[PDB]
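Each remark here refers to the structure printed beneath this line.
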RNA sequence: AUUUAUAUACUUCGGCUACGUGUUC
Ligand SMILES: Nc1ncnc2c1ncn2[C@@H]1O[C@H](COP(=O)(O)OP(=O)(O)OP(=O)(O)O)[C@@H](O)[C@H]1O
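Residue numbers (the entry's author numbering): 254 to 505.
Written as structure tokens, this is what we have:
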């Protein structure tokens, strides 16, 4: 039973002070949500496994029931290592993820003597105490010695480490603005290798409509269409992602 | 030269901080 926790959502989502703030917030919550979705899907691809194995997602949590094999464990550990590398490379304190798992048996799941709750609490506890130790030695040394030439804080996004560009905006928040602009009109989001917004596994997210999504399907491209609460799509890798995106300002 | 001594009605009714504008280089 594998559990994942996102570290810093309540902080990173609430460093917004600009005039376009509302557009980013819809884009920022969606950005974290899509991060979690793409990372969990990518994990399930590593496990050569099915989507039905995801028991619960939401907030910064995720719950999976995967095979108890040494192979599974080595893959989980390796992907955790690469994952931690990537987040350290992009935000380094604002967002982190945690991995944890604890053995369970069939007798446990069948609700024999309430041990289901015992294992649930055990996995929660291991997830919540592995967050104490997040950084090995060499990583913490690696952070502290970068006399690296960089620019200053993003206006929309409060971050010293980030480097601003045109109009005093960094790349990440400008892409956030663009995808926010596209949010209200277009309903489908694609996982593509060129795209707009930087995403974990060397991937990028852009926006599509059902027709060019269809062409992408007949383009046999390794794509995952992520939708805005649309059933009956039947387009490639159908992913009716569950999200509430409402704005009265678009009713004018 | 011998009785009043101000009396009742109404004791303010009608009509209820706008703009430049919030954030950064
Ligand atoms: N994409 C998101 N955008 C905005 N708020 C979110 C998003 N995802 C989750 N949240 C909410 O923000 C809350 C605060 O997140 P927080 O940073 O405290 O991390 P967490 O997931 O609760 O875990 P922990 O605090 O143990 O690290 C979450 O509990 C959740 O309800």
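C-beta atoms are modelled at their ideal positions from N, C-alpha and C, and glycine is treated no differently.
Query raised in the report: Quick one, are the C-beta atoms of residue 260 and residue 380 less than 8 Å apart?
Result: Numbered from 1 along the first chain, position 7 holds the residue referred to as residue 260. Numbered from 1 along the first chain, position 127 holds the residue referred to as residue 380. Taking 8 Å as the Cβ cut-off, residue 260 and residue 380 do not qualify as a contacting pair.
Requested in this report: Compute every distance between the C-beta of residue 314 and the non-hydrogen atoms of ligand 3, then say whether any falls below 7 Å.
Outcome: Looking at this structure, you won't find ligand 3 anywhere; what it does contain is ligand 1.
Query raised in the report: In whole angstroms, what separates the C-alpha of residue 444 from that of residue 264?
Result: Residue mapping note: residue 444 aligns to position 191 of the first chain, counting from 1. Residue mapping note: residue 264 aligns to position 11 of the first chain, counting from 1. If I take the Cα positions, the gap works out to 26 Å.
Requested in this report: Just grab the DSSP bridge partners of residue 310 for me.
Outcome: As a working mapping, residue 310 is identified with position 57 in the first chain. Looking at the DSSP assignment, residue 310 forms a beta bridge with 315.
Query raised in the report: Cα separation between residue 419 and residue 406?
Result: Numbered from 1 along the first chain, position 166 holds the residue referred to as residue 419. Numbered from 1 along the first chain, position 153 holds the residue referred to as residue 406. Approximately 13 Å between the Cα atoms of the pair.
Requested in this report: Indicate the three-state DSSP secondary structure (helix, strand or coil) for residue 461 in the structure shown.
Outcome: One-based indexing of the first chain puts residue 461 at position 208. If DSSP states are grouped into helix, strand and coil, residue 461 belongs with the strands.
Query raised in the report: Just how far apart, CA to CA, sit residue 454 and residue 368?
Result: Within the first chain, the letter at position 201 stands for residue 454. Within the first chain, the letter at position 115 stands for residue 368. Approximately 37 Å, taken between the alpha carbons.
**Report entry** First and last residue of the uninterrupted beta strand (DSSP E) at residue 258
**Finding:** What you label residue 258 is simply residue 5 of the first chain in a count that begins at 1. Its beta strand (DSSP E) spans residues 255-259.
**Report entry** residue 303 burial status per 10 Å Cβ neighbour count (16 or more: buried)
**Finding:** Translated into the one-based positions of the first chain, residue 303 becomes position 50. Under this definition residue 303 is an exposed residue.
Query raised in the report: What are the residues that DSSP puts in a beta bridge with residue 502?
Result: On the first chain, position 249 is the one that residue 502 refers to. Per DSSP, none; premise fails for residue 502.
Report task. Under 7 Å Cβ to Cβ from residue 408, same chain only, skipping five residues before and after it: list those, please. Result -> As a working mapping, residue 408 is identified with position 155 in the first chain. Excluding residues within five positions, the ones whose Cβ falls inside 7 Å are 271, 421 and 422.
Query - Among 279, 437, 490 and 472, the one whose alpha carbon lies nearest that of residue 503 - result: Position 250 of the first chain, counted from the first residue, corresponds to residue 503. If we check each option's Cα against that of residue 503, 437 comes out closest.
Query - Cβ-heavy atom distance, residue 467 to ligand 1, below 7 Å - result: Numbered from its first residue, the first chain carries residue 467 at position 214. No; taking the cut-off as 7 Å, the Cβ of residue 467 has no heavy atom of ligand 1 nearer than that.
Query raised in the report: Looking at the structure shown, is residue 284 part of a helix, part of a strand, or coil, going by DSSP?
Result: By one-based count along the first chain, residue 284 stands at place 31. In this structure, DSSP gives residue 284 a helical state, which the three-state scheme calls helix.
**Report entry** Residues near residue 462 in its chain [Cβ-Cβ closer than 8 Å; skip 5 each side]
**Finding:** For this step, residue 462 is matched to residue 209 along the first chain. Contacts found: 439, 440 and 441.
Query raised in the report: Would you call the CB atoms of residue 492 and residue 479 closer than 8 Å?
Result: On the first chain, residue 492 is found 239 positions in, with the first residue counted as 1. On the first chain, residue 479 is found 226 positions in, with the first residue counted as 1. Going by C-beta atoms, residue 492 is nearer than 8 Å to residue 479.
Requested in this report: Starting from the C-beta of residue 319, find all residues in its chain whose C-beta is less than 7 Å away, skip the five residues before and the five after it, and write them out in chain order.
Outcome: The count along the first chain starts at 1 and reaches residue 319 at position 66. Cβ contact annotation for residue 319 (same chain, cutoff 7 Å, sequence separation greater than five): 255, 300, 302, 306 and 325, in chain order.
Report task. My understanding is that residue 375 touches residue 355, with C-beta atoms under 8 Å, so please give their C-beta distance in whole angstroms. Result -> As a first step, residue 375 is located in the first chain; it is residue number 122 there, counting from the start. As a first step, residue 355 is located in the first chain; it is residue number 102 there, counting from the start. Contact flag correct, Cβ pair sits at about 5 Å.
Report task. Could you pull out every residue in the same chain whose Cβ sits closer than 7 Å to the Cβ of residue 446, ignoring the five residues on either side in sequence? Result -> Indexing the first chain from 1 puts residue 446 at position 193. Around residue 446: 456 and 457.
Query - ligand 1 heavy atom lying under 7 Å from the CB of residue 500 - result: As a position in the first chain, residue 500 is number 247, starting the count at 1. No, since every heavy atom of ligand 1 falls outside the 7 Å radius drawn around the Cβ of residue 500.
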